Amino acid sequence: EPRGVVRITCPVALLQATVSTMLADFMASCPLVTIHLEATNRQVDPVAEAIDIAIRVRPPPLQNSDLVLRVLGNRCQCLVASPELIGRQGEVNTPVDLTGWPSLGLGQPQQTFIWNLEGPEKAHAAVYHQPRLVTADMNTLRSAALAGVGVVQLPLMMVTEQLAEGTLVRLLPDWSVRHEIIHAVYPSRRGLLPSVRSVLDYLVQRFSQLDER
């Protein structure tokens, strides 16, 4: 019954870990729907590039633009390093202790990398680091952290198996990094289209069925 083309954008790590299997199951149940899916980590302007659904992962506050916003879930972040690296660099009891640790950075080389932390008694700390590895691929960062290259901040869901095995260890567990909000942004008119709506509703139902943090 739903038929037409739907143009979607989604960050890479979220697509591989979560969104891909949703879209696969949707397309199996809606044979007449065509999906053009750009896997990119760039900020996408939905109105100009005529994007029907743009999935984003950003920390609050979020864009109060003219676009419609639907929240899909919250994902917490954490600072991790390997036991080997911890054995060499000392103890981390306050954010100041991270100064000088080798680090890894998610993004582009020209960016300024800073860990924003909130701790007990409403304490805030902002720790600048010069990472020796900079990339947008979360898989590569996790493998580098596993080898003890540097401390890195990753989404919890990306490292759950490693932390359970002990091959990665959480630093400063009493402090917390700002959480990220998985949300979908769409132009008001595009969501009216029947095919776009069916895709939108199915994602909402699938994300509601998840109990990830």
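Sequential numbering from 1, following the sequence displayed.
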* Structure fact -> Of 40-48 and 153-161, the stretch with the higher mean C-alpha B-factor in the deposited entry is 40-48
* Higher mean Cα B-factor in the deposited model: 193-201 or 11-19? -> 193-201
* To do: Have a look at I35, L168, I55, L62 and flag the one whose Cα has the highest B-factor in the entry.
  => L62
* **Ranked C-alpha temperature factor of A184 among modelled chain residues, by third** => highest
* Comparing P31 with the other modelled residues of its chain, is its CA B-factor in the lowest, middle or highest third? -> middle
* Asked: Going by what the PDB entry lists, where does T140 fall on CA B-factor within its chain: lowest, middle or highest third?
  -> lowest
* Asked: Taking the C-alpha B-factors as the PDB entry records them, is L69 in the lowest, middle or highest third of its chain?
  -> highest
* Please rank the C-alpha B-factors of the chain's modelled residues and tell me whether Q110 sits in the lowest, middle or highest third. => highest
